[PDB]
Amino acid sequence: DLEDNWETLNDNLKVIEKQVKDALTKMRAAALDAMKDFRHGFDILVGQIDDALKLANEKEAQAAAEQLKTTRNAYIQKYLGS
Amino acid sequence: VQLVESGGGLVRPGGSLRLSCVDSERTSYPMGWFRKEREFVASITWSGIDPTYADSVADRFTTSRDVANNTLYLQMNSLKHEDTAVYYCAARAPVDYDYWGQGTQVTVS
Amino acid sequence: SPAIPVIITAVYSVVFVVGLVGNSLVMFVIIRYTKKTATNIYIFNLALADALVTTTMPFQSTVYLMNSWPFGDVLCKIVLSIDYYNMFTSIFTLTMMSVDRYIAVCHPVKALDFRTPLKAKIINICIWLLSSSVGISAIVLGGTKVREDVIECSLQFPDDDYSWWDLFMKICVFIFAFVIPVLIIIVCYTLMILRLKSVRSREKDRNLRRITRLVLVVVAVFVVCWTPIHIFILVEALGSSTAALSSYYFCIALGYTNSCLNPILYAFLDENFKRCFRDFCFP
Ligand SMILES: CN(C(=O)/C=C/c1ccoc1)[C@@H]1CC[C@@]2(O)[C@H]3Cc4ccc(O)c5c4[C@@]2(CCN3CC2CC2)[C@H]1O5
């Protein structure tokens, strides 16, 4: 899936930047398609993605999305080693 | 001023003899030796590390300079009639060799 | 960012040629132009020797990027023979120039025999035979062991019965290849220049500063070239990733540098050579 599955996150982030559950469900499911920092760097994001799912069920999920991109950037910097 | 060329003298063919020009008056530092026209045998640096050998017979002679005693040596080994000539040390300016010793003639036959 | 593999293989690439070109060029200048003076025998053999160490740079560079040894056992034995053997030959020939210049200043009439070509050549044959012992050991003792997934080439040692013979031979090499050579050369120079100051115009003061200048460079070269690797590879034998394996290969190159920097120091700074080489290449 290469960077295309990655593009699912960052594209759906921009959509989330604008029921946002559809993007998050398409985002959290895309995460499952992703050396210790790498496997951890995806588990953290799923949890923060999971954190945002609850905030959608009840707008205020934008804060978690902001804390979610910086996490995505954290595994970008780790991926920069290759 | 005056350089006292030691050594010299006759010898048999295939033999050896060490020549030692010195300036104990420490006026000049003998740094090179000179031997048809004037011949130029090897010389050495002031502090005596690197010598500039003589190409003619570099398989027969070695030179060394005692820096502390202000003395230059050279001992020819297994020389032939070709090496027979007058030999004089050449000094250097204290601070184009400027002072030239009287010289001695090694005579082999 | 695979820059780190790129920077290092560059260093191995820059260092490879400067050593290979110089040592080849220095040898081929000596063999043709100035066929000999004692210093000529030393520079040539040092060049010839520390040319062959730079031959071992591809094989050592391969394993860095590749993180394995695709050349097999027999090619690991000879490379281990070549690299060990002509490390010692270059360090010993580099050290034997050290006592040669010392002997001239301090024992000047003893230089009358030491500086003869035969004496140099005699000293310059023995020195390879001494290194040959290390060459012979690295052949038999050299082999390839699988790390786990990754084949590795090194000096193969029995690891049974609390055997630390790897740490011993790394102790043994470190003192034979670095310490007593450093102490010889650090002594012969530091003692040669004391006679110089003892000689008692400003030809002393100018030349003292000039030879002190020249002296410090070689020991500065030799120290910084081999001190960081020798420290590193001993610690890897008592204890202790990705970035560390790069720092280690950086330090390997530094040792390789001494063999590439040597012709510049011991030929291009020698006027009895620099005068000759100039003509061949500045006609
Ligand atoms: C752990 N180690 C190895 O495992 C051997 C690996 C090789 C070599 C060719 O292919 C694989 C070491 C790596 C570094 C090095 O090579 C390095 C200096 C040195 C000093 C003391 C040692 O005790 C020792 C080494 C070796 C051989 C000699 N060099 C000298 C060239 C100029 C820089 C080798 O041993």
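Residues numbered from 1 in each chain as written, not as in the entry; some residues may be left out. Chains lettered and ligands numbered in written order. Heavy atoms only, no water. Residues with missing side-chain atoms left out of burial classes, pairs and counts.

As recorded in the PDB header, X-ray crystallography is the method behind this entry, and the stated resolution is 3.30 Å.

K.L.:
Explanation requested: the overall build of chain C in the structure shown.
P.N.:
Along the backbone of chain C there are 10 helices and 2 strands. Helices (α) and strands (β) of chain C occur, in sequence order from the N terminus, as α-α-α-α-α-α-β-β-α-α-α-α. With the C-alpha coordinates aligned to their principal axes, the bounding extent of chain C is approximately 70 × 45 × 35 Å. (Helix = DSSP H or I, 4+ residues; strand = E, 2+ residues; numbered from the N terminus.)

K.L.:
Sorry if this is basic, but what is going on with the overall build of chain B here?
P.N.:
Secondary structure assignment for chain B yields 0 helices and 9 strands. Helices and strands appear in chain B in the N-to-C order β-β-β-β-β-β-β-β-β. Relative to its length of 109 residues, chain B is compact, with a C-alpha radius of gyration of 13 Å against a globular reference of 13 Å. Over its C-alpha atoms, taken along the principal directions, chain B stretches across nearly 40 × 25 × 25 Å. (Rg over C-alpha atoms; globule rule 2.2 N^0.38 Å.)

K.L.:
Sorry, what's going on with the UniProt feature "transmembrane region" in chain C here?
P.N.:
Residue and element names in this part refer to chain C. The residues that UniProt annotates with the feature "transmembrane region" are residues 4-31, 41-64, 78-99, 119-141, 166-190, 214-235 and 248-269. Spanning residues 41-64, this segment combines 83% helix with 0% strand, and its end C-alpha atoms are found 35 Å apart. Helix makes up 100% of residues 214-235 and strand 0%. Its end C-alpha atoms lie 33 Å apart. (UniProt positions renumbered as here; feature names shortened; annotations may be inferred.)

K.L.:
So what exactly am I meant to see when it comes to the interface of chain B and chain C here?
P.N.:
Many analyses report the size of an interface as the accessible area lost when the parts associate. With 21 residues of chain B at the interface, the matching set in chain C holds 20 residues. Elements with a contribution of two residues or more to the side of chain B that touches chain C: strand 6 (61-66) and strand 7 (71-77) of chain B. The class makeup of the residues in the side of chain B that touches chain C is 12 nonpolar, 6 polar and 3 charged. (Contact = heavy atoms within 4.5 Å. Nonpolar A, V, L, I, M, F, W, Y, C, P; charged D, E, K, R; others polar.)

K.L.:
I would appreciate a short explanation of the state of the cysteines in the present structure.
P.N.:
Joining two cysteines, a disulfide is a covalent bond between their sulfur atoms. Bridging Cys21 of chain B to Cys89 of chain B, the disulfide has an S-S length of 2.0 Å. The disulfide partner of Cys76 of chain C is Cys153 of chain C, and the gap between their sulfur atoms is 2.0 Å. Taking the sign of the torsion about the S-S bond as the criterion, the disulfide between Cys76 of chain C and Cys153 of chain C, at about 80°, is right-handed. Looking at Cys126 of chain C, it has no disulfide partner, and the nearest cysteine sulfur is the one in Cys188 of chain C, 18 Å off. (Disulfide = S-S within 2.5 Å.)

K.L.:
How should the pattern of salt bridges be read in this particular structure?
P.N.:
Oppositely charged side chains can form a pair if their charged atoms are brought close together. Residue and element names in this part refer to chain C. Among the salt bridges present, the one from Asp100 reaches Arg115, with a minimum N-O distance of 3.3 Å. Taken as a pair, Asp100 in helix 4 (residues 74-106) and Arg115 in the loop between helix 5 (111-114) and helix 6 (117-141) lie far apart in primary sequence, 15 residues in all. Among the ionic pairs, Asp270 bridges to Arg101, the shortest N-O distance being 3.7 Å. (Salt bridge = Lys/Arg side-chain N within 4 Å of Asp/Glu carboxyl O.)

K.L.:
Just to check I follow, could you spell out the packing of helix 2 (residues 38-52) of chain C against helix 6 of chain C for this structure?
P.N.:
Packed helices, taken two at a time, are described by their axes: the angle between them and the distance between them. Residues and elements named next belong to chain C. Helix 6 packs onto helix 2 with a crossing angle of 20° between their chain directions and a minimal axis gap of 9 Å. Between helix 2 and helix 6, the interaxial angle falls into the category roughly parallel. Here helix 2 and helix 6 pass one another in a crossing that is right-handed. Along its contact with helix 2, which presents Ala38, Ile41, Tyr42, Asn45, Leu48 and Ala49, the element helix 6 presents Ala120, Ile123, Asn124 and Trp128. (Axes fitted to C-alpha atoms, helices over the stretch in contact; angles between N-to-C directions. Parallel < 35°, antiparallel > 145°, perpendicular 65-115°, else oblique. Left-handed = near helix turned anticlockwise from the far one by under 90°.)

K.L.:
Hey, could you run me through the packing of helix 4 of chain C against helix 8 (residues 203-238) of chain C in this one?
P.N.:
Residue and element names in this part refer to chain C. The contact between helix 4 and helix 8 brings their axes to 13 Å, and the two run at 155°. Here helix 4 lies roughly antiparallel to helix 8, going by the angle between them. Both helix 4 and helix 8 take part in a crossing whose hand is left-handed. Where helix 4 abuts helix 8, its residues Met87, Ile91 and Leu94 lie against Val218, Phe222 and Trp226.

K.L.:
Looking at this structure, I do not really get the environment of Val15 of chain C. What am I missing?
P.N.:
All names here are of chain C. One can find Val15 in helix 1 (residues 3-32). Residues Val15 and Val29, spaced 14 residues apart in sequence, show a C-alpha to C-alpha distance of 21 Å. With residues near it in sequence (within four places) discarded, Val15 still touches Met57, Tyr256, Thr257 and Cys260.

K.L.:
Could you clarify how one ought to interpret the sheet that holds strand 6 of chain B in this entry?
P.N.:
Picture the strands of a sheet paired through backbone hydrogen bonds; they go either parallel or antiparallel. Residue and element names in this part refer to chain B. An order of 1-2-7-6 is seen for the 4 strands of this open sheet, with the pairing classed as antiparallel. Taken across any chain shown, the strands that pair with only one partner, and hence form the sheet edges, are strand 1 (4-5) and strand 6. Across 2 bridges, the pairing between strand 1 and strand 2 (residues 16-22) is antiparallel. Across the sheet, residue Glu5 finds its bridge partner in strand 2, namely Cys21. (Pairing = 2+ DSSP bridges.)

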